[PDB]
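Asker: First, the structure itself, so that you have it in front of you.
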Protein chains: 2
Amino acid sequence: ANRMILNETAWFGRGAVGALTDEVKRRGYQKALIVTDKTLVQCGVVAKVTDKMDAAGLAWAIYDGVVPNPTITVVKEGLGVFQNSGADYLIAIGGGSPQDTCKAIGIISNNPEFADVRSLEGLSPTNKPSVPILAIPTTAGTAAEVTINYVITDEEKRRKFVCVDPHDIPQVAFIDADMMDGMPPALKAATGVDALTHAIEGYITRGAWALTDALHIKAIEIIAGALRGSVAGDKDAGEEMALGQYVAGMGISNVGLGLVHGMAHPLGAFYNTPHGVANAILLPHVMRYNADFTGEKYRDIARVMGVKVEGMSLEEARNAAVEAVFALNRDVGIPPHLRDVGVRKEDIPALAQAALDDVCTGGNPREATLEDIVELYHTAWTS
Amino acid sequence: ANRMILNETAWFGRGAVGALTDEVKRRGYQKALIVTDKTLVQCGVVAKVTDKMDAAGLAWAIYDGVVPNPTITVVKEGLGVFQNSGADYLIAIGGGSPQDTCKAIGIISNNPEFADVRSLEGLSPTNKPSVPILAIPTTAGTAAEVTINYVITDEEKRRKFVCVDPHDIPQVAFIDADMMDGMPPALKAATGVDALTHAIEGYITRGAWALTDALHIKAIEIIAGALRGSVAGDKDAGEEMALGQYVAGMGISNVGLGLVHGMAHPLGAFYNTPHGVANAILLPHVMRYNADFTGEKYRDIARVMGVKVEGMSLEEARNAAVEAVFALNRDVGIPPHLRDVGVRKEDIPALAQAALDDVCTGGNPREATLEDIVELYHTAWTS
Ligand SMILES: NC(=O)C1=CN([C@@H]2O[C@H](COP(=O)(O)OP(=O)(O)OC[C@H]3O[C@@H](n4cnc5c(N)ncnc54)[C@H](O)[C@@H]3O)[C@@H](O)[C@H]2O)C=CC1
Ligand SMILES: NC(=O)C1=CN([C@@H]2O[C@H](COP(=O)(O)OP(=O)(O)OC[C@H]3O[C@@H](n4cnc5c(N)ncnc54)[C@H](O)[C@@H]3O)[C@@H](O)[C@H]2O)C=CC1
Ligand SMILES: [Fe+3]
Ligand SMILES: [Fe+3]
């Protein structure tokens with residue numbers, strides 16, 4: 001049998017954060033800890049929520065210490081603010097980094113044996129649900145609001161580790177493009193291809209089945225349709241991307257991903273490479289590597305990405321799918337090679353071993369060897 | 001903004017009820033009340049769940065008094081067994097009748113100000129979540145396991161009233177075609193066309209948006225592909241219908257339905273007509289009435305139902321969708337006229353008024369007058 005974990009409640013569309021004060025009142029919560037970063041405070045994005053909470057008379061404290069690729073230290077610091085704040089629920093405002101920190105704080109607060117953070121790695125043996133989380137994405141996006149995953153950086157051991165726990169699922173997600181409009185174009189581009197990576201890896205993952213196939217192929221269609229227009233500053237394209245990135249996530253934790261995420265995690269751990277940039281550069285190379293193990297699925301991908309596939313052979317469709325992703329990456333200004341974003345040739349042996357042992361790599365339709373992963377990093381590194 | 005309420009957890013596939021004991025243990029529940037009917041006890045369908053519960057040492061009591069089109073008396077009987085059992089959770093085993101009775105019992109047990117039952121009608125102003133519900137459908141189906149709706153018959157006032165309450169959403173759904181295989185072919189036919197009615201009414205309802213459209217057009221495609229095969233006794237077609245019927249309901253309470261359900265409810269209240277047969281007879285007549293107010297959507301419906309719509313005018317494709325629904329009804333042996341299933345001409349004025357005032361009617365994409373609803377009943381009445 002196949003399990004699907006989703007948000008019990010989700011609000012979609014421009015103005016969705018306007019639903020938050022009535023959700024809090026109906027749930028009888030007394031005090032929020034807002035988990036976010038300094039940039040979202042500075043840019044007035046957090047104020048779009050706190051101004052509504054102030055007018056409704058709802059108490060909140062804030063922790064804005066989250067950094068990209070959030071660390072054990074960031075989790076322990078936010079846990080300290082939660083405990084000393086007396087909050088009874090959490091509001092995650094931001095991208096994957098704040099939403100992942102928020103999941104870690106919520107789990108540990110109701111399962112305090114995990115306050116070391118490291119022991120959460122894998123299928124966390126937690127007894128209690130997380131503190132209730134209201135999730136508000138500001139990128140489009142990681143779909144952190146709908147997955148049961150969170151990823152923490154172990155600075156000491158130079159590795160990203162994945163915590164997988166049904167207990168961490170947010171009670172409500174608010175998917176509001178108003179919260180996302182302030183993304184610089186380069187951030188729309190990188191988080192957008194992260195979302196496309198989730199959709200493509202999900203579609204072809206080993207555990208794929210009828211319902212996840214329907215959700216993931218629709219996500220690819222929405223994202224391929226909207227991402228260029230969103231990067232160019234189009235308002236409606238922004239709202240499409242906000243939905244597209246969510247739908248892409250409805251499969252990540254439920255069926256899995258593959259070698260793109262497996263090879264991206266070690267780059268974040270070694271270099272603090274932005275997750276979306278790493279995925280975008282690797283995606284088309286891993287798609288080429290996987291092509292022979294995906295049945296007819298690359299014809300579907302090609303088709304919804306605007307390729308005329310009618311009258312192409314399977315081989316021609318498979319090449320057209322890979323080229324369509326190369327083309328998207330060029331159109332939205334993603335660098336084409338790993339050397340361009342600060343990777344070192346000398347690190348590839350270590351990167352490959354980390355990638356081979358990453359949990360995401362298990363879902364890859366073609367079984368990956370150390371030798372194959374070394375060769376793929378080399379193929380992605382330079383001209 | 002658009003709200004989506006879904007099951008936080010769902011299990012899909014033959015063997016899915018195999019997940020129930022581990023879900024109960026992980027949630028710390030002490031004692032179930034099983035809400036079901038005599039037929040499902042008698043034919044051994046309840047045993048498929050209780051034998052697993054017994055092997056895991058889980059406590060359960062049973063209420064098997066549910067009747068089709070469940071009444072206020074049936075809710076009060078089940079409520080009495082729940083309150084006296086000392087149960088802390090509910091397991092709904094059966095079609096829409098036991099699942100709806102279970103939601104009423106769950107809501108009233110934590111909200112005793114509504115124990116008269118009829119006060120729940122509409123958007124129930126409940127303060128507290130239902131007693132936790134684990135939902136196991138045995139028809140394919142009402143999607144009662146994933147909606148926030150339940151429908152109770154007020155015998156004294158001779159009306160089916162719809163209750164709408166986010167507090168009633170089941171914690172876990174177990175969608176297991178093994179629990180459905182025993183349906184007589186005629187019950188597979190009727191509940192299958194109820195599922196198709198949910199998907200079609202959902203696709204064209206006033207509140208339809210991008211995410212519900214994607215789910216609904218997928219449900220129509222799955223049901224149209226599988227229903228004939230399932231009625232004929234095909235195992236795999238039964239599994240596809242189990243998924244299809246569920247996907248069909250992911251929109252029902254999130255966006256709404258229309259005049260088919262609006263017109264089916266009074267037949268249930270007056271005659272105890274099977275809900276599925278009432279919907280199946282009315283569906284193509286209501287589709288014809290609605291056609292001009294559905295944009296391009298009937299072309300989509302016709303296409304996934306197996307019609308070649310390439311080169312058809314919108315006018316021809318709208319007729320082709322209506323005719324594809326008439327043909328499915330003929331093929332699975334649903335009677336074509338309301339006279340054939342116990343309706344009286346003399347009652348149509350009274351049925352029309354009850355239909356005009358039904359919750360579901362408001363979602364219909366064409367504005368319906370009493371006079372329009374009278375004419376529609378007369379059209380479905382006889383040749
Ligand atoms: N929970 C899960 O299932 C998943 C986890 N992840 C994790 O998510 C992280 C990546 O998060 P991302 O969303 O890509 O970025 P992020 O949360 O790391 O943020 C990147 C930068 O963008 C800024 N930013 C975010 N929203 C902004 C806005 N609206 N306007 C202006 N600046 C804004 C942030 O302040 C930050 O400086 C990684 O740590 C990755 O491991 C990724 C995929 C899925
Ligand atoms: N949650 C909601 O608001 C919604 C629920 N409904 C409600 O659902 C009700 C109808 O429920 P249905 O599922 O159509 O049927 P049902 O639950 O009324 O059952 C019909 C008959 O079939 C039998 N049966 C069920 N499963 C069987 C199996 N596997 N093998 C053999 N016999 C089996 C039952 O014991 C019963 O005698 C109506 O009252 C309708 O209003 C309809 C739409 C949505
Ligand atoms: Fe990702
Ligand atoms: Fe129905």
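Order determines the names: the first chain of the structure tokens is A, the second B, and so forth; residues in each chain are numbered 1 upward, and ligands are numbered 1 upward as they are shown.
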Using only C-alpha atoms and all ligand atoms, which residues of the polymer chains come no farther than 7 Å from ligand 2? I'd like the answer as a ChimeraX atom specification.
Answerer: /B:37-40,45,67-70,94-100,138-139,141-145,147-151,162,179-184,187,191,265,274-276
Asker: Please report as a PyMOL selection string which residues of chain A come no farther than 9 Å from chain B, using only C-alpha atoms.
Answerer: chain A and resi 1-19+26-27+127-128+166+169+171+176+210-211+214-215+218+243+247
Asker: Would you mind exporting N, CA and C atoms of the selected residues as an mmCIF file, in the first residue's frame?
Answerer:
data_model
loop_
_atom_site.group_PDB
_atom_site.id
_atom_site.type_symbol
_atom_site.label_atom_id
_atom_site.label_comp_id
_atom_site.auth_asym_id
_atom_site.auth_seq_id
_atom_site.Cartn_x
_atom_site.Cartn_y
_atom_site.Cartn_z
ATOM 1 N N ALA A 1 0.862 -1.218 0.000
ATOM 2 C CA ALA A 1 0.000 0.000 0.000
ATOM 3 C C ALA A 1 0.885 1.250 0.000
ATOM 4 N N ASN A 2 0.366 2.356 -0.533
ATOM 5 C CA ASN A 2 1.069 3.656 -0.654
ATOM 6 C C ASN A 2 0.446 4.645 0.331
ATOM 7 N N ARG A 3 1.275 5.348 1.099
ATOM 8 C CA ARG A 3 0.801 6.363 2.070
ATOM 9 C C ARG A 3 1.002 7.749 1.454
ATOM 10 N N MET A 4 0.009 8.616 1.653
ATOM 11 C CA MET A 4 0.028 10.053 1.315
ATOM 12 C C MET A 4 -0.215 10.848 2.600
ATOM 13 N N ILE A 5 0.771 11.654 2.994
ATOM 14 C CA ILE A 5 0.662 12.691 4.059
ATOM 15 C C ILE A 5 0.627 14.046 3.356
ATOM 16 N N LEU A 6 -0.363 14.858 3.726
ATOM 17 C CA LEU A 6 -0.623 16.194 3.147
ATOM 18 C C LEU A 6 -0.976 17.144 4.296
ATOM 19 N N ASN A 7 -1.078 18.440 4.015
ATOM 20 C CA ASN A 7 -1.636 19.406 4.994
ATOM 21 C C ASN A 7 -3.128 19.114 5.125
ATOM 22 N N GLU A 8 -3.604 19.003 6.357
ATOM 23 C CA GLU A 8 -5.049 18.887 6.649
ATOM 24 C C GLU A 8 -5.759 20.129 6.096
ATOM 25 N N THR A 9 -5.172 21.319 6.278
ATOM 26 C CA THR A 9 -5.733 22.628 5.821
ATOM 27 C C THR A 9 -4.661 23.389 5.039
ATOM 28 N N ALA A 10 -5.013 23.953 3.885
ATOM 29 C CA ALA A 10 -4.125 24.813 3.077
ATOM 30 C C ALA A 10 -4.974 25.913 2.427
ATOM 31 N N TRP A 11 -4.472 27.142 2.442
ATOM 32 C CA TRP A 11 -5.096 28.318 1.780
ATOM 33 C C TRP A 11 -4.229 28.711 0.583
ATOM 34 N N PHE A 12 -4.837 28.915 -0.584
ATOM 35 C CA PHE A 12 -4.119 29.210 -1.844
ATOM 36 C C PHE A 12 -4.618 30.526 -2.431
ATOM 37 N N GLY A 13 -3.677 31.390 -2.801
ATOM 38 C CA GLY A 13 -3.931 32.560 -3.654
ATOM 39 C C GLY A 13 -3.403 33.821 -3.017
ATOM 40 N N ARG A 14 -3.294 34.883 -3.807
ATOM 41 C CA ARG A 14 -2.885 36.212 -3.299
ATOM 42 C C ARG A 14 -3.863 36.598 -2.198
ATOM 43 N N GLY A 15 -3.355 37.008 -1.036
ATOM 44 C CA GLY A 15 -4.184 37.329 0.140
ATOM 45 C C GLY A 15 -4.438 36.133 1.048
ATOM 46 N N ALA A 16 -3.880 34.946 0.766
ATOM 47 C CA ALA A 16 -4.087 33.744 1.618
ATOM 48 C C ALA A 16 -3.671 34.007 3.084
ATOM 49 N N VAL A 17 -2.651 34.828 3.361
ATOM 50 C CA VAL A 17 -2.193 35.079 4.768
ATOM 51 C C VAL A 17 -3.295 35.802 5.558
ATOM 52 N N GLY A 18 -4.255 36.438 4.877
ATOM 53 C CA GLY A 18 -5.440 37.064 5.500
ATOM 54 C C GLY A 18 -6.320 36.065 6.240
ATOM 55 N N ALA A 19 -6.179 34.762 5.966
ATOM 56 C CA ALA A 19 -6.929 33.678 6.635
ATOM 57 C C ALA A 19 -6.299 33.349 7.995
ATOM 58 N N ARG A 26 -9.846 30.094 15.829
ATOM 59 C CA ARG A 26 -10.656 28.838 15.791
ATOM 60 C C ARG A 26 -9.891 27.704 16.490
ATOM 61 N N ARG A 27 -8.561 27.769 16.519
ATOM 62 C CA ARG A 27 -7.711 26.702 17.119
ATOM 63 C C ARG A 27 -7.409 27.025 18.591
ATOM 64 N N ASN A 127 7.708 10.216 19.582
ATOM 65 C CA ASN A 127 6.455 9.677 20.175
ATOM 66 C C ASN A 127 5.306 10.680 20.031
ATOM 67 N N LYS A 128 5.611 11.978 19.975
ATOM 68 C CA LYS A 128 4.593 13.065 20.018
ATOM 69 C C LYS A 128 4.640 13.892 18.741
ATOM 70 N N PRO A 166 6.395 11.935 9.979
ATOM 71 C CA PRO A 166 4.988 12.321 9.855
ATOM 72 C C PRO A 166 4.546 13.351 10.908
ATOM 73 N N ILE A 169 4.429 17.452 10.123
ATOM 74 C CA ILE A 169 3.619 18.034 9.006
ATOM 75 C C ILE A 169 2.916 19.280 9.538
ATOM 76 N N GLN A 171 0.085 21.984 10.229
ATOM 77 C CA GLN A 171 -1.383 21.893 10.433
ATOM 78 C C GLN A 171 -2.087 22.747 9.378
ATOM 79 N N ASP A 176 0.762 32.072 -0.646
ATOM 80 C CA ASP A 176 0.320 33.461 -0.944
ATOM 81 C C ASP A 176 1.425 34.149 -1.754
ATOM 82 N N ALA A 210 0.081 5.985 -9.319
ATOM 83 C CA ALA A 210 -0.895 6.709 -10.174
ATOM 84 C C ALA A 210 -1.129 8.140 -9.669
ATOM 85 N N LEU A 211 -1.350 8.321 -8.365
ATOM 86 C CA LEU A 211 -1.783 9.628 -7.802
ATOM 87 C C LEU A 211 -0.614 10.621 -7.854
ATOM 88 N N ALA A 214 0.020 11.850 -11.446
ATOM 89 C CA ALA A 214 -0.982 12.867 -11.842
ATOM 90 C C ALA A 214 -0.588 14.237 -11.274
ATOM 91 N N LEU A 215 -0.152 14.281 -10.012
ATOM 92 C CA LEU A 215 0.210 15.549 -9.326
ATOM 93 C C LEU A 215 1.508 16.108 -9.930
ATOM 94 N N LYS A 218 1.317 17.411 -13.627
ATOM 95 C CA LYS A 218 0.588 18.705 -13.586
ATOM 96 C C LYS A 218 1.532 19.807 -13.069
ATOM 97 N N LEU A 243 1.514 27.878 -6.741
ATOM 98 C CA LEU A 243 0.714 26.626 -6.772
ATOM 99 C C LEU A 243 1.596 25.483 -7.285
ATOM 100 N N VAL A 247 2.356 21.778 -5.476
ATOM 101 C CA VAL A 247 1.913 20.487 -6.078
ATOM 102 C C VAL A 247 3.145 19.590 -6.260
#
Asker: Give me, please, the distance in Å between CA of residue 117 (chain A) and CA of residue 168 (chain A), quoted to one decimal.
Answerer: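 Separating CA of residue 117 (chain A) from CA of residue 168 (chain A) is a distance of 14.0 Å.
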Asker: So which residues touch residue 71 (chain A) within 12 Å, counting only C-alpha atoms, skipping near sequence neighbours fewer than 6 positions away, as a PDB file with N, CA and C atoms, in the first residue's frame?
Answerer:
ATOM      1  N   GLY A  65      17.067  34.278  13.404  1.00  0.00           N
ATOM      2  CA  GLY A  65      18.474  33.844  13.356  1.00  0.00           C
ATOM      3  C   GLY A  65      18.739  32.794  12.287  1.00  0.00           C
ATOM      4  N   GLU A  77      19.601  27.381  19.026  1.00  0.00           N
ATOM      5  CA  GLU A  77      19.354  28.815  19.338  1.00  0.00           C
ATOM      6  C   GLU A  77      17.846  29.113  19.272  1.00  0.00           C
ATOM      7  N   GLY A  78      17.168  28.684  18.199  1.00  0.00           N
ATOM      8  CA  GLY A  78      15.711  28.861  18.024  1.00  0.00           C
ATOM      9  C   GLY A  78      14.910  28.088  19.067  1.00  0.00           C
ATOM     10  N   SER A  97      14.806  27.073   4.378  1.00  0.00           N
ATOM     11  CA  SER A  97      15.724  27.212   5.536  1.00  0.00           C
ATOM     12  C   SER A  97      14.930  27.516   6.807  1.00  0.00           C
ATOM     13  N   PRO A  98      14.091  28.582   6.868  1.00  0.00           N
ATOM     14  CA  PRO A  98      13.226  28.807   8.030  1.00  0.00           C
ATOM     15  C   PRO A  98      12.161  27.731   8.282  1.00  0.00           C
ATOM     16  N   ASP A 100      12.387  24.511   7.554  1.00  0.00           N
ATOM     17  CA  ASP A 100      13.124  23.321   8.062  1.00  0.00           C
ATOM     18  C   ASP A 100      13.532  23.543   9.522  1.00  0.00           C
ATOM     19  N   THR A 101      14.019  24.734   9.879  1.00  0.00           N
ATOM     20  CA  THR A 101      14.368  25.091  11.280  1.00  0.00           C
ATOM     21  C   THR A 101      13.117  24.940  12.153  1.00  0.00           C
ATOM     22  N   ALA A 104      12.180  21.463  13.003  1.00  0.00           N
ATOM     23  CA  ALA A 104      13.142  20.905  13.986  1.00  0.00           C
ATOM     24  C   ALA A 104      12.769  21.403  15.390  1.00  0.00           C
ATOM     25  N   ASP A 116      19.747  17.351  21.033  1.00  0.00           N
ATOM     26  CA  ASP A 116      21.082  17.249  20.385  1.00  0.00           C
ATOM     27  C   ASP A 116      20.960  17.496  18.874  1.00  0.00           C
ATOM     28  N   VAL A 117      19.767  17.283  18.298  1.00  0.00           N
ATOM     29  CA  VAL A 117      19.422  17.524  16.860  1.00  0.00           C
ATOM     30  C   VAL A 117      19.914  16.360  15.980  1.00  0.00           C
ATOM     31  N   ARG A 118      21.175  15.929  16.113  1.00  0.00           N
ATOM     32  CA  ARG A 118      21.771  14.848  15.270  1.00  0.00           C
ATOM     33  C   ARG A 118      20.887  13.604  15.267  1.00  0.00           C
ATOM     34  N   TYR A 150      12.804  17.559   6.735  1.00  0.00           N
ATOM     35  CA  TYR A 150      13.610  18.778   6.975  1.00  0.00           C
ATOM     36  C   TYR A 150      15.083  18.381   6.917  1.00  0.00           C
ATOM     37  N   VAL A 151      15.910  19.320   6.475  1.00  0.00           N
ATOM     38  CA  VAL A 151      17.352  19.084   6.189  1.00  0.00           C
ATOM     39  C   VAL A 151      18.161  20.061   7.036  1.00  0.00           C
ATOM     40  N   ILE A 152      19.042  19.535   7.883  1.00  0.00           N
ATOM     41  CA  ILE A 152      19.893  20.333   8.799  1.00  0.00           C
ATOM     42  C   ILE A 152      21.354  20.093   8.414  1.00  0.00           C
ATOM     43  N   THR A 153      22.175  21.133   8.520  1.00  0.00           N
ATOM     44  CA  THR A 153      23.637  21.066   8.257  1.00  0.00           C
ATOM     45  C   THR A 153      24.366  20.732   9.562  1.00  0.00           C
ATOM     46  N   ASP A 154      25.122  19.635   9.544  1.00  0.00           N
ATOM     47  CA  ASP A 154      26.081  19.280  10.616  1.00  0.00           C
ATOM     48  C   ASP A 154      27.432  19.910  10.245  1.00  0.00           C
ATOM     49  N   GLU A 155      27.726  21.097  10.785  1.00  0.00           N
ATOM     50  CA  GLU A 155      28.960  21.884  10.484  1.00  0.00           C
ATOM     51  C   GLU A 155      30.206  21.062  10.851  1.00  0.00           C
ATOM     52  N   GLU A 156      30.185  20.421  12.023  1.00  0.00           N
ATOM     53  CA  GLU A 156      31.301  19.598  12.559  1.00  0.00           C
ATOM     54  C   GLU A 156      31.657  18.469  11.574  1.00  0.00           C
ATOM     55  N   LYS A 157      30.669  17.776  11.002  1.00  0.00           N
ATOM     56  CA  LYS A 157      30.890  16.588  10.127  1.00  0.00           C
ATOM     57  C   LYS A 157      30.752  16.954   8.640  1.00  0.00           C
ATOM     58  N   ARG A 158      30.503  18.229   8.321  1.00  0.00           N
ATOM     59  CA  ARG A 158      30.409  18.762   6.930  1.00  0.00           C
ATOM     60  C   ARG A 158      29.450  17.899   6.089  1.00  0.00           C
ATOM     61  N   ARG A 159      28.215  17.737   6.569  1.00  0.00           N
ATOM     62  CA  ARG A 159      27.154  16.964   5.877  1.00  0.00           C
ATOM     63  C   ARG A 159      25.777  17.549   6.205  1.00  0.00           C
ATOM     64  N   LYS A 160      24.892  17.528   5.209  1.00  0.00           N
ATOM     65  CA  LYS A 160      23.440  17.786   5.344  1.00  0.00           C
ATOM     66  C   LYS A 160      22.789  16.439   5.640  1.00  0.00           C
ATOM     67  N   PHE A 161      21.939  16.373   6.664  1.00  0.00           N
ATOM     68  CA  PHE A 161      21.203  15.138   7.031  1.00  0.00           C
ATOM     69  C   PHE A 161      19.703  15.415   6.968  1.00  0.00           C
ATOM     70  N   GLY A 268      25.800  21.787  -0.894  1.00  0.00           N
ATOM     71  CA  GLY A 268      25.337  22.648   0.214  1.00  0.00           C
ATOM     72  C   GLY A 268      26.201  22.482   1.457  1.00  0.00           C
ATOM     73  N   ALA A 269      26.632  21.255   1.764  1.00  0.00           N
ATOM     74  CA  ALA A 269      27.426  20.922   2.972  1.00  0.00           C
ATOM     75  C   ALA A 269      28.874  21.423   2.827  1.00  0.00           C
ATOM     76  N   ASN A 272      28.151  25.599   0.926  1.00  0.00           N
ATOM     77  CA  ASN A 272      26.965  26.440   1.216  1.00  0.00           C
ATOM     78  C   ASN A 272      26.362  26.920  -0.113  1.00  0.00           C
TER      79      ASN A 272
END
Asker: List as a list in words the protein and nucleic acid residues near residue 324 (chain B), meaning an atom at most 10 Å away when only C-alpha atoms are counted, but skip any in the same chain fewer than 5 places from it.
Answerer: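 Selected residues are residues 224, 284, 301, 302, 303, 305, 306, 307, 319, 329 and 330 of chain B.
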Asker: Step one, run DSSP on the backbone; step two, keep only residues of region 142-348 of chain A assigned to strand (DSSP E or B); then write them as a count of residues only.
Answerer: 16
Asker: What is the distance between CA of residue 208 (chain A) and CA of residue 21 (chain B), in Å to one decimal?
Answerer: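 Distance between the two atoms: 24.9 Å.
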Asker: Write out as a PyMOL selection string which residues come within 10 Å of region 314-317 of chain B when counting only C-alpha atoms, dropping same-chain ones fewer than 4 positions away.
Answerer: chain B and resi 291-292+295-303+307-310+321-323
Asker: I'd like the contact shell of residue 349 (chain B) - 12 Å cut-off, only C-alpha atoms, skipping same-chain residues fewer than 6 positions apart - returned as a PyMOL selection string.
Answerer: chain B and resi 263+266+355-356+370-378
Asker: Restrict the selected residues to N, CA and C atoms and save them as an mmCIF file, in the first residue's frame.
Answerer:
data_model
loop_
_atom_site.group_PDB
_atom_site.id
_atom_site.type_symbol
_atom_site.label_atom_id
_atom_site.label_comp_id
_atom_site.auth_asym_id
_atom_site.auth_seq_id
_atom_site.Cartn_x
_atom_site.Cartn_y
_atom_site.Cartn_z
ATOM 1 N N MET B 263 -30.901 17.816 -6.575
ATOM 2 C CA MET B 263 -32.141 17.139 -7.042
ATOM 3 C C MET B 263 -32.191 15.682 -6.551
ATOM 4 N N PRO B 266 -33.721 15.282 -2.319
ATOM 5 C CA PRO B 266 -35.157 15.102 -2.071
ATOM 6 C C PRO B 266 -35.688 13.697 -2.412
ATOM 7 N N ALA B 355 -35.241 20.791 -3.671
ATOM 8 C CA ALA B 355 -34.040 20.865 -4.536
ATOM 9 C C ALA B 355 -33.564 22.320 -4.626
ATOM 10 N N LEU B 356 -34.485 23.262 -4.843
ATOM 11 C CA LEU B 356 -34.163 24.711 -4.967
ATOM 12 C C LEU B 356 -33.482 25.190 -3.680
ATOM 13 N N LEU B 370 -37.238 27.410 -9.600
ATOM 14 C CA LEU B 370 -38.237 26.353 -9.279
ATOM 15 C C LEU B 370 -38.759 25.738 -10.584
ATOM 16 N N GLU B 371 -39.164 26.593 -11.528
ATOM 17 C CA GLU B 371 -39.799 26.184 -12.803
ATOM 18 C C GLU B 371 -38.801 25.348 -13.616
ATOM 19 N N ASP B 372 -37.529 25.752 -13.657
ATOM 20 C CA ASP B 372 -36.455 25.003 -14.364
ATOM 21 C C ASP B 372 -36.320 23.605 -13.750
ATOM 22 N N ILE B 373 -36.346 23.517 -12.419
ATOM 23 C CA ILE B 373 -36.125 22.251 -11.657
ATOM 24 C C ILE B 373 -37.332 21.322 -11.880
ATOM 25 N N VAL B 374 -38.548 21.881 -11.928
ATOM 26 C CA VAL B 374 -39.810 21.145 -12.249
ATOM 27 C C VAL B 374 -39.652 20.488 -13.627
ATOM 28 N N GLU B 375 -39.277 21.269 -14.651
ATOM 29 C CA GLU B 375 -39.095 20.800 -16.058
ATOM 30 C C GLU B 375 -38.049 19.673 -16.113
ATOM 31 N N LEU B 376 -36.948 19.811 -15.370
ATOM 32 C CA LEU B 376 -35.826 18.825 -15.344
ATOM 33 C C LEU B 376 -36.290 17.480 -14.771
ATOM 34 N N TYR B 377 -37.038 17.499 -13.665
ATOM 35 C CA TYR B 377 -37.654 16.282 -13.064
ATOM 36 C C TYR B 377 -38.576 15.614 -14.101
ATOM 37 N N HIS B 378 -39.426 16.398 -14.783
ATOM 38 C CA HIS B 378 -40.362 15.894 -15.830
ATOM 39 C C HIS B 378 -39.562 15.266 -16.975
#
Asker: Contacts of residue 189 (chain A) at 8 Å or less, counting only C-alpha atoms, minus same-chain residues fewer than 5 places along, as number ranges by chain?
Answerer: A: 227, 231, 332-334
Asker: Using only C-alpha atoms, which of A:146, A:79, A:105, A:47 sits nearest residue 246 (chain A)?
Answerer: A:146
